[PDB]
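Asks: Heads up: the sequence lines are chains A and B, in that order. Note that PDB author numbering has the first sequence beginning at 2, numbered continuously upward. Note that PDB author numbering has the second sequence beginning at 2, numbered continuously upward.
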Amino acid sequence: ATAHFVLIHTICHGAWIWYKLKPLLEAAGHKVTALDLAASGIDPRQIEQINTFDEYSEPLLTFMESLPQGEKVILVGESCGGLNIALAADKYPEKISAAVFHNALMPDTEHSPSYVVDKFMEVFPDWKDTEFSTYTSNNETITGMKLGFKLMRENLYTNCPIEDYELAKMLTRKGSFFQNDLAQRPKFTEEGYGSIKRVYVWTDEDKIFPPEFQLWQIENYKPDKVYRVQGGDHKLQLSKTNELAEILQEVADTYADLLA
Amino acid sequence: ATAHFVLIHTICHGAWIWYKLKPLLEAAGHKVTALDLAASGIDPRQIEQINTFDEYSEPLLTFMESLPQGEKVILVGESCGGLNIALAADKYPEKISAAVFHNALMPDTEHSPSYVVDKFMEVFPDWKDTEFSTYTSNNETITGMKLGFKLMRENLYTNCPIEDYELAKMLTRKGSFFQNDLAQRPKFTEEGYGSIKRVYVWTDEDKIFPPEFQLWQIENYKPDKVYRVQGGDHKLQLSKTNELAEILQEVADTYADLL
Numbered sequence: 002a003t004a005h006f007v008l009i010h011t012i013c014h015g016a017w018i019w020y021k022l023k024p025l026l027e028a029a030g031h032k033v034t035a036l037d038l039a040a041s042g043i044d045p046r047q048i049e050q051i052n053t054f055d056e057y058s059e060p061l062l063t064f065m066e067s068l069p070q071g072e073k074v075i076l077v078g079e080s081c082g083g084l085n086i087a088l089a090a091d092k093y094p095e096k097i098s099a100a101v102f103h104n105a106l107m108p109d110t111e112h113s114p115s116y117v118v119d120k121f122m123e124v125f126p127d128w129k130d131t132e133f134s135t136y137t138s139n140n141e142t143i144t145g146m147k148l149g150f151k152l153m154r155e156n157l158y159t160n161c162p163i164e165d166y167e168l169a170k171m172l173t174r175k176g177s178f179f180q181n182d183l184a185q186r187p188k189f190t191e192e193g194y195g196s197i198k199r200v201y202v203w204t205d206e207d208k209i210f211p212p213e214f215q216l217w218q219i220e221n222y223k224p225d226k227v228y229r230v231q232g233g234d235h236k237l238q239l240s241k242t243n244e245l246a247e248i249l250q251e252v253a254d255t256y257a258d259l260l261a
Numbered sequence: 002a003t004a005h006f007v008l009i010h011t012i013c014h015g016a017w018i019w020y021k022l023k024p025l026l027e028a029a030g031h032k033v034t035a036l037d038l039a040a041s042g043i044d045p046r047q048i049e050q051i052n053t054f055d056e057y058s059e060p061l062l063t064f065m066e067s068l069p070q071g072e073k074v075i076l077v078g079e080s081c082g083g084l085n086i087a088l089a090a091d092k093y094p095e096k097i098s099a100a101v102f103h104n105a106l107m108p109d110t111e112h113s114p115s116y117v118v119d120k121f122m123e124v125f126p127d128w129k130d131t132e133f134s135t136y137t138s139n140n141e142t143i144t145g146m147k148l149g150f151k152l153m154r155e156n157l158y159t160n161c162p163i164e165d166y167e168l169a170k171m172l173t174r175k176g177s178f179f180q181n182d183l184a185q186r187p188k189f190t191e192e193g194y195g196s197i198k199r200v201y202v203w204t205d206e207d208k209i210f211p212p213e214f215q216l217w218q219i220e221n222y223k224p225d226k227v228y229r230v231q232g233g234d235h236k237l238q239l240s241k242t243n244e245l246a247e248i249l250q251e252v253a254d255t256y257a258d259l260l
């Protein structure tokens, strides 16, 4: 009946983006964990101390690590959260009943983990008022980004009520895609990430991931189930929280373990 | 009449708390500023790096200093934000058209700046699952606190939409009253803080500042005006956002100068 959902935010965001989905899922009896990834939300590290996508994803992987033996979770990742979900799946495929991508980057096993990032960066090249910066690890320069207010308003939170946008102004922080780290890491494997069930949730009104890109990702790495939500925007957990919850219910009804 | 409201959160919280009130005020034409104090919200410092009430308050004092000459603000402070308001008022009285205390601590000028914190701590001595810790700085011992989830749900966010409680759990951080530092500070001045207009907004359903403590505060240092909100809880900016906005529009009409 019920599942354990692990909700995973995108870059520049935090656990807080799930403030309205989480209690909605709890009403149905589900367990929900919403994590801050490294240097995200109220984690104390700044992004400039995080060197790799692996470090960035550490709170998810140590949560997965600690899951008692036999317990499984449905991972839910928005936007870049998709990447994290694949990393987690590649190390802990036995601990995952499914992974849901909601307006999310959905990597494959055939190409470099950067593949869908590189493709996204080519089809959405106008960041508006976003500010870009750099910092260094011992041997690499990493690009950081602080999302611009006008980008957020117009492209992310387009049909979210104004308070969500206000909240995002109050809480978003400097993040990174770790694109170059992604381009040089080992591909995700068929036995890890390639063995889990994948559900892909999207809307064609997303003003950041346009429909030909999302259609492209679906075709590139065919998921087990696709759900297209009408209207809304990039932040479906904000703009269409109830519908998203109803889809997550059905995903739990399919993939969650049954109890004796 | 419009105003420039400066909204000041309590300890363990941040600017985020104002996420529903800010846009509501803005719709009426007001300018709103909502700041993160030191080591709060997404400020990058941890509370264990902050030694004094002053240091804690620094982003509000900085913003007041920055205010172009002639401009005035209406300060609004929730809970322990009322102590920051008093510190600001004492340094920049002439920049303050009024100070609004929203179920807030409201210090005076006759007693030590800690006085209402000391009283509060006797009136509400059970903090449930709140975690208390100390840290060291210089030659002082300082108490940190991380609000318990149960204390927050039962006593702070009791009539708030469930999603606001959920935010709180995702965002609240370790904070401090800096009680010891307030006990040794010089008293607020009659000429500075004592000269500003103070509006006191409250509800008798607040489950952390109960009514006999709020009445004690109002009796101790009589405000210029009182508004009592029916229902709600300690977090009126989330539980009664619209009625708070309406009160603030009236405070603006009364206090905020004609150009």
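Just so you know, even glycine gets a beta-carbon here, dropped at the ideal spot from N, CA and C.
(1) Using C-beta distances below 8 Å, list every residue in its chain close to residue 129 of chain A, excluding the 5 sequence neighbours before and after it, in chain order.
(2) With residue 221 of chain A and residue 109 of chain A assumed to form a contact (beta carbons below 8 Å), what rounded beta-carbon distance in angstroms separates them?
(3) I'd like to know whether the C-beta of residue 174 of chain B is nearer than 9 Å to at least one C-beta of chain A.
(4) Excluding sequence positions up to five away, which residues of its chain have a Cβ less than 7 Å from the Cβ of residue 193 of chain B?
(5) Between the Cα of residue 5 of chain A and those of A:141, A:190, A:73, spot the shortest distance and give me the residue it belongs to.
(6) Whose C-alpha, out of B:30, B:52, B:29, is nearest the C-alpha of residue 40 of chain B?
(7) Would you verify that the beta carbon of residue 15 of chain B is, or is not, closer than 9 Å to some beta carbon of chain A?
(8) For a cutoff of 9 Å on Cβ pairs, would you count residue 43 of chain B as touching chain A?
(9) Select from A:3, A:14, A:20 the residue whose C-alpha is nearest the C-alpha of residue 238 of chain A.
(10) Helix, strand or coil for residue 190 of chain B, going by three-state DSSP, please let me know.
(11) Cutting at 8 Å between CB atoms, please list the residues of its own chain near residue 131 of chain A, excluding the five before and the five after it.
(12) Determine the chain D residues that contact residue 132 of chain B at a beta-carbon separation under 8 Å, and present them in chain order.
(13) Using a Cβ-Cβ cut-off of 9 Å, state whether residue 24 of chain B counts as contacting chain A.
(14) Assign residue 167 of chain A to one of two classes, buried (16 or more other C-beta atoms within 10 Å of its C-beta) or exposed (fewer than that).
(15) Would a check of beta-carbon distances place residue 73 of chain B closer than 9 Å to chain A?
(16) Along the segment 135-156 of chain B, where does the CB come closer than 9 Å to a CB of chain A? Name the residues.
(17) Within 10 Å of its beta-carbon, does residue 232 of chain A have 16 or more other beta-carbons around it, so buried, or fewer, so exposed?
(18) Would you please verify whether the beta carbon of residue 21 of chain A is less than 9 Å from any beta carbon of chain B?
(19) Nearest chain A C-beta to residue 47 of chain B closer than 9 Å, yes or no?
(20) Below 7 Å on C-beta distance, what does residue 51 of chain A contact in chain B?
(21) So, is the C-beta of residue 100 of chain A closer than 9 Å to a C-beta in chain B?
(22) Suppose the cutoff is 8 Å on Cβ atoms and the five residues either side in sequence are ignored; what does the same chain contact list for residue 30 of chain A look like?
(23) How close, in whole Å, do the beta carbons of residue 104 of chain A and residue 205 of chain A come, if the pair is a contact with beta carbons under 8 Å?
(24) Report the residue ranges of all alpha helix (DSSP H) runs contained in full by the segment 2-67 of chain B; include only those spanning at least 4 residues, in chain order.
(25) Give a yes or no on whether 9 Å exceeds the smallest Cβ distance from residue 12 of chain B to chain A.
(26) Would you call residue 24 of chain B buried or exposed, if buried means 16 or more other Cβ atoms sit within 10 Å of its Cβ?
(27) So, for residue 67 of chain A: in the same chain, excluding its five sequence neighbours on each side, which residues have a beta-carbon less than 8 Å away from its beta-carbon?
(28) What separation, rounded to the nearest whole angstrom, lies between the Cα atoms of residue 58 of chain A and residue 197 of chain B?
(29) Could you give the C-beta distance for residue 124 of chain B and residue 214 of chain B, rounded to a whole number, given that I count them as a contact under 8 Å?
(30) Should residue 234 of chain B be flagged as near chain A, meaning a C-beta pair shorter than 9 Å?
(31) Relative to the alpha-carbon of residue 201 of chain B, which residue among B:158, B:212, B:187, B:219 has its alpha-carbon at the smallest distance?
(32) Starting from the beta carbon of residue 168 of chain B, find every residue of chain A whose beta carbon is closer than 7 Å, and list them in chain order.
(33) What residues from chain B crowd round residue 164 of chain A, counting only those whose CB sits closer than 7 Å?
(34) Am I right that residue 12 of chain A and residue 78 of chain A are in contact with their C-beta atoms under 8 Å? What's the rounded C-beta distance?
(35) Could I get the ranges of all uninterrupted alpha helix (DSSP H) runs contained in the segment 206-240 of chain A, with 4 residues as the minimum, in chain order?
(36) Using three-state DSSP, classify residue 104 of chain A as helix, strand or coil.
Replies: Reading off the structure:
(1) Excluding sequence positions up to five before and after residue 129 of chain A, its CB lies within less than 8 Å of the CB of 149, 151, 152, 155, 156, all in the same chain and listed in chain order.
(2) That pair is a contact at about 6 Å.
(3) Yes, contact with chain A.
(4) Contacts found: 90, 91, 92, 94.
(5) The alpha carbon of residue 5 of chain A has as its nearest neighbour, out of A:141, A:190, A:73, the alpha carbon of A:73.
(6) Residue nearest to residue 40 of chain B within the set B:30, B:52, B:29 is B:52 (criterion: CA-CA distance).
(7) It does: the Cβ of residue 15 of chain B has a partner Cβ on chain A nearer than 9 Å.
(8) Closer than 9 Å to some Cβ of chain A, the Cβ of residue 43 of chain B qualifies, so yes.
(9) Considering only alpha carbons, the answer is A:20.
(10) The three-state reading of DSSP puts residue 190 of chain B in coil, since its state is none of H, G, I, E or B.
(11) Taking C-beta separations shorter than 8 Å and ignoring five residues to either side along the sequence, the partners of residue 131 of chain A in its chain run 146, 147, 148, 149, 152, following chain order.
(12) Within the model displayed, chain D is absent; protein chains A and B are what it includes.
(13) Nearest CB-CB separation between residue 24 of chain B and chain A: below the 9 Å threshold.
(14) Classification for residue 167 of chain A: buried.
(15) Residue-level contact by beta carbon fails for residue 73 of chain B and chain A, as no gap is shorter than 9 Å.
(16) The residues in question: there are none.
(17) Sixteen is the threshold: since fewer than 16 other Cβ atoms of the shown chains lie within 10 Å of the Cβ of residue 232 of chain A, the residue is exposed.
(18) Flagged as an interface residue toward chain B: residue 21 of chain A, by a C-beta distance shorter than 9 Å.
(19) The Cβ of residue 47 of chain B sits closer than 9 Å to at least one Cβ of chain A.
(20) Those do not exist, as residue 51 of chain A stays about 14 Å from chain B at its closest Cβ, beyond 7 Å.
(21) Closer than 9 Å: no.
(22) Excluding positions up to five away in sequence, the list reads 2, 3.
(23) The pair is not a contact, with the Cβ atoms about 10 Å apart (cut-off 8 Å).
(24) Listed in chain order, the complete alpha helix (DSSP H) runs (minimum 4 residues) inside the segment 2-67 of chain B are 22-28, 54-67.
(25) Chain A contact via Cβ: absent.
(26) Buried.
(27) Shown here for residue 67 of chain A: not one same chain residue has a beta carbon closer than 8 Å to its own, the five before and five after excluded.
(28) Taken atom to atom, the span from the alpha-carbon of residue 58 of chain A to that of residue 197 of chain B is near 50 Å.
(29) Indeed they touch by this definition, with Cβ atoms about 5 Å apart.
(30) Contacts with chain A at 9 Å (Cβ-Cβ) do not include residue 234 of chain B.
(31) For residue 201 of chain B, the closest of B:158, B:212, B:187, B:219 by C-alpha to C-alpha distance is B:219.
(32) Simply 17, 20.
(33) Under a criterion of Cβ atoms nearer than 7 Å, the residues of chain B adjacent to residue 164 of chain A are, in order, 20, 21, 24.
(34) Going by Cβ atoms, the distance from residue 12 of chain A to residue 78 of chain A rounds to 11 Å, so no, they are not a contact pair.
(35) Counting only runs of 4 or more, we get 212-221, 237-240.
(36) Three-state DSSP puts residue 104 of chain A in a strand.
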